[PDB]
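For neighbour counting, all protein chains shown are included, and Cβ atoms are generated from backbone atoms with ideal geometry for every residue, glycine included. Just so you know, all these numbers are worked out from the coordinates, no wet-lab data involved.
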Amino acid sequence: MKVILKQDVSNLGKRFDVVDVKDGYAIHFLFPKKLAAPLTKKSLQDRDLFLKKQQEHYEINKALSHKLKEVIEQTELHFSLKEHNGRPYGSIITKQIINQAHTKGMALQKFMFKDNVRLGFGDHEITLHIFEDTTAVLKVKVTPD
Amino acid sequence: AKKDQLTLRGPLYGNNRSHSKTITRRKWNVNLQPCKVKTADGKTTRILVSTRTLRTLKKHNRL
Amino acid sequence: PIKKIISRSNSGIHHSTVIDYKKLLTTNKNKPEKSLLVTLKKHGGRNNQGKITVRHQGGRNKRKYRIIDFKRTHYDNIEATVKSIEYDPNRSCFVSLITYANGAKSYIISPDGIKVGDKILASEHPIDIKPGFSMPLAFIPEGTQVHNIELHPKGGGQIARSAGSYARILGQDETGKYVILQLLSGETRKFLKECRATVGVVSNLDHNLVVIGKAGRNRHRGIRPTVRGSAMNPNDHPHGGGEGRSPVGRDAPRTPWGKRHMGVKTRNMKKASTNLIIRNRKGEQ
RNA sequence: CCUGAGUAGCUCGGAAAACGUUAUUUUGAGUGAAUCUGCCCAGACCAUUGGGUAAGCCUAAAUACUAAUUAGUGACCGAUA
RNA sequence: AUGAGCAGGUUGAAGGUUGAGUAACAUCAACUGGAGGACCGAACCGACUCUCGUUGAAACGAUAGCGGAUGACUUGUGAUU
RNA sequence: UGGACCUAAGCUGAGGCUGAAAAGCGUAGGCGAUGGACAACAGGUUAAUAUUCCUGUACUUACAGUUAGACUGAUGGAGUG
RNA sequence: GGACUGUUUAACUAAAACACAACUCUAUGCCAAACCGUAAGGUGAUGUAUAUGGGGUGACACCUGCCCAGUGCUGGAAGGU
RNA sequence: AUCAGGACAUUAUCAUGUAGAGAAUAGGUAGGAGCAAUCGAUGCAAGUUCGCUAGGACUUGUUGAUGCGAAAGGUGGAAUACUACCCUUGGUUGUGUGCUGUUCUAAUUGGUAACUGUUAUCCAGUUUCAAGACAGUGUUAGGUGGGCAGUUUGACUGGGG
RNA sequence: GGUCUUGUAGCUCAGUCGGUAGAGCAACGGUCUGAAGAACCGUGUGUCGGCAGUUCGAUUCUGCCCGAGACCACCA
């Protein structure tokens, strides 16, 4: 199962530093906060090392979550569209936002399916939350052309 | 094959008795469930794993 | 609009009522387009491997299937025009070729209410309520007949597409979807209102009065003479054999595959159309 | 300090042992322990008693035979064989 | 799927064409016409039947009829259960 | 007329999808011709022979020169078969 | 008696049967039940309920009477199960 | 994951009770010659509950420190009140045993549709959409079931069974 | 029959189902039809489902049986 709980969300109150409840194949087996890791790094001698690692990642993780929040408030994205006879022509798929995310040299996730097709256009906000203490918010601007 | 592929837990190939009790054989098939295993660089596609194998791998912490 | 058949023969007659069949599927001498013509798979009623799927099939008189586009989402918001009514012997409905005015020909179903030359508009938007205007069920007003029903958003119409098929609308549901649709065969379904559908009724309403008349017409359209299960053989149905008239075997006569067939429903447990019903044939689902 | 983890055993069906499933060997599914400071086994089970260290691996031989080479043998026949 | 034959004698509904005609249709009248699981039947194939045959020339034919042939007629090679 | 061309029902089949094995579906390509497309006729010729061998006459197919004008424009698509 | 043009015991009965037309009953939303395949995959059908699968009767026309007591079927439902 | 609901035995709670006679509604058993009085009586005006229509019971102001006859006159087969038991009868915060109503996407899926590989039907990944813990899945077990099988349906007998 | 229900007048259902058996139907006394049909108003009768238990006046109350309905003919 999962023994890494650097962060915490289980659709109810649960806390980091390893505090989970049994779910089998679920959010506990799928959230980026909770991923499987071999038990060779967990023991009474390794308890303190694991706690130190969990702490270090907790502080640096909160710091990086804040910093990413501000930098996405600073750095934005680009989009464009074509129009035909006064009405929209198609639908929006997350395939293409994966494309634009990869094009810059990194990757996004798949198991966060919460969105439907966006029949509208123009500037708006896509809010995907990855962590528990600092929210991640993205602004997407689509230029009508 | 109707059996798990990564770690081959073959169906129990024995003889079956019942209210029947006849000289035959049977395969007690394995609990093929489309679960996922931990693999780097994505490629975590759904694959058939037996539930005894599933609990053994859960004890071995490989998703 | 049908007409009876006068035998005018010196050996027996027939009792047949046939449609004109030269206004729908009208080609006197047909010169089909060769760059748009295809050849189909022909097993004569058998599986692709060849094994039986239905009893004694065969007799198709060299049908050729014209390509049809039922999604109609690939040319949205573009004003097309009804260009032609193409032949389609493989179906009971003969679909219509249109051409969107960016230079894009395509096919759509043939509903009653389109004329050759009408500037039609197939788009997923609150547009004019006319046939040939494929448009989601959400903006379709209540009490209007509709066809090209589908139950998967962004999938294309599959239900209610045969010649003369239609449906009815009498309200919605408190789910943001599942608009109440009285669908044919007496099923009060609730399919998603985001689904795309064509308002109106498919052409060839005269198909409700066709009469075969001959065994020639029986075997000219993929059907073969059928035998009652009473006159079977042993090991086929228990009905056959003996003197006098052949009995009906068990208290429920069987199929040529060997299973009882009286009053039994064989609905699947994995189809997305059983839970989405208001009133079923005897129950509600 | 170590001496080999879904493996004992329990539940439903099970495969050799005389055994046609009882100790011993075996598990498709729910399960389940430790490494001697240890556990298992010992024709229910337990304590004693004894036997052994486990939940990794290879190994010739005695086990079938005489088509390739060589030689010989016959209460084998003799063309209806 | 690729193919092919159906003579001759035929029939002549409908469809279409024209005048008289009737308040108007109605009604009468006429020609193309060619549809038909349409007809006999040469080609064609089939095989319902009389006799032979039933230790046949034929592992099913010979005599004589007969069915259909403008379509449920005849039909080859390839290919499919 | 085939093969050097491809296509019918349908199939082999690089990959691929399932399945004790075995094995099945389908894909590139390749098949599947009774189809499409490809161009030649008369006279005379052996104990067996012929647009095929010879005579008088043609189509079809590219290169070496060769002179020559023209800006060629696909594999994609338009029409055709 | 059967609808007739018609088909069968491929070689006795090839018919008054069966078939056809027509009449009626049965379940089902695109893997539509139904079926096949061996899961894959696929047919029905590459059909869309004005379609597919089966059952009973059987030119045309009038009907198809009474009855759930029961089998099968149908749906519902507390409780024993 | 979440979510609440009510059930069965349900703690503690509140009301449930007439053959007549018998101050008398008679729940029964039962300690008792007891206990009601500001622990506000004999009761009432009302509210509330029950109601069989005897009227009963709890509550606020009130009756006033007096008696309660339901300690006890009297009772019947069953006698009180207080007092204790069994209740009655159901709720109820209530724990456990089976469960129901929720949503959620996150297990689970897709000849739903698209992109790319693949201008490649089989596909891989990316996805769309659809939902969604349901079903399905291995095992178990209940039922289904001549569609199907290995087979069986004794013998005697002036022939058969 | 063993996991369950279970019975009333000649019949249908209440029962102080322990103390009692009553309402409608064959039938009754009368009634109007000539008379009789046709007729309206009350009942005559009374297996309390039988055996072992309980007892104040008990097959009814409990337990066992007659039963309809449903898992239970030592073996593929």
*For the stretch A:15-58, how many residues are surrounded by 15 or more Cβ atoms within 10 Å (Cβ to Cβ) and more than 14 Å from chain B (Cβ to nearest Cβ)?*
5
_Residues that are within 10 Å of RNA strand E (Cβ to nearest atom), touching a residue at least 60 places away in the same chain (Cβ under 8 Å), in a loop (DSSP other than H, G, I, E, B) and closer than 27 Å to residue C:107 by Cα, drawn from the stretch C:9-62_ = C:61
_Suppose we filter C:176, C:229, C:186 for residues that are away from RNA strand I (no atom under 16 Å from the Cβ), surrounded by fewer than 18 Cβ atoms within 10 Å (Cβ to Cβ) and more than 14 Å from chain A (Cβ to nearest Cβ); which single one remains?_
C:186
*Given the residues C:252, C:197, which is the only one that is more than 16 Å from RNA strand I (Cβ to nearest atom), part of a loop (DSSP other than H, G, I, E, B) and either of a type in the set (A, V, I, L, M) or touching a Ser or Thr at 6+ places or on another chain (Cβ under 7 Å) (or both)?*
C:252
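Residues checked against (1) out of contact with any strand residue (DSSP E or B) (no Cβ under 9 Å at 6 or more places or on another chain); (2) touching a residue at least 40 places away in the same chain (Cβ under 8 Å); (3) within 14 Å of chain A (Cβ to nearest Cβ):
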| residue | (1), (2), (3) |
| --- | --- |
| C:115 | no, no, no |
| C:119 | no, yes, yes |
| C:122 | no, yes, yes |
| C:129 | no, yes, no |
*Residues being within 12 Å of RNA strand E (Cβ to nearest atom) and either in a loop (DSSP other than H, G, I, E, B) or without any contact (Cβ under 8 Å) to a residue 60 or more places away in the chain (or both) - total across the stretch C:219-236*: 7
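Can you tell me which of A:131, A:111 is in contact with a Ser or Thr (Cβ under 6 Å, 6 or more places away or on another chain), outside any strand (DSSP E or B) and in contact (Cβ under 8 Å) with a residue 24 or more places away in the chain?
Only one candidate qualifies: A:131.
Quick grid of which residues meet (1) away from chain A (no Cβ under 14 Å); (2) among the charged types (D, E, K, R); (3) free of Cβ contacts under 8 Å to residues at least 24 places away in the same chain:
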| site | (1), (2), (3) |
| --- | --- |
| C:190 | yes, yes, no |
| C:209 | yes, no, no |
| C:217 | yes, yes, no |
| C:238 | yes, no, yes |
*Count, please, the residues in the stretch C:174-188 that happen to be in contact (Cβ under 8 Å) with a residue 24 or more places away in the chain and outside any loop (DSSP other than H, G, I, E, B).*
6
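One line per residue, one yes/no per condition, for (1) near RNA strand H (Cβ under 8 Å from one of its atoms); (2) of a type in the set (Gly, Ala, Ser); (3) more than 11 Å from chain A (Cβ to nearest Cβ):
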position	(1), (2), (3)
B:2	yes, no, yes
B:17	no, no, yes
B:26	yes, no, yes
B:35	yes, no, no
B:45	yes, no, yes
B:50	yes, yes, yes
B:55	no, no, no
*Among the residues of the stretch A:71-100 satisfying the criterion of being more than 14 Å from every other protein chain (Cβ to nearest Cβ) and of a type in the set (A, V, I, L, M), which is surrounded by the most Cβ atoms within 10 Å (Cβ to Cβ)?*
A:97
_residue B:59 being under 30 Å from residue A:42 (Cα atoms) and either within 16 Å of RNA strand E (Cβ to nearest atom) or in contact with a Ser or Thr (Cβ under 6 Å, 6 or more places away or on another chain) (or both)_ = no
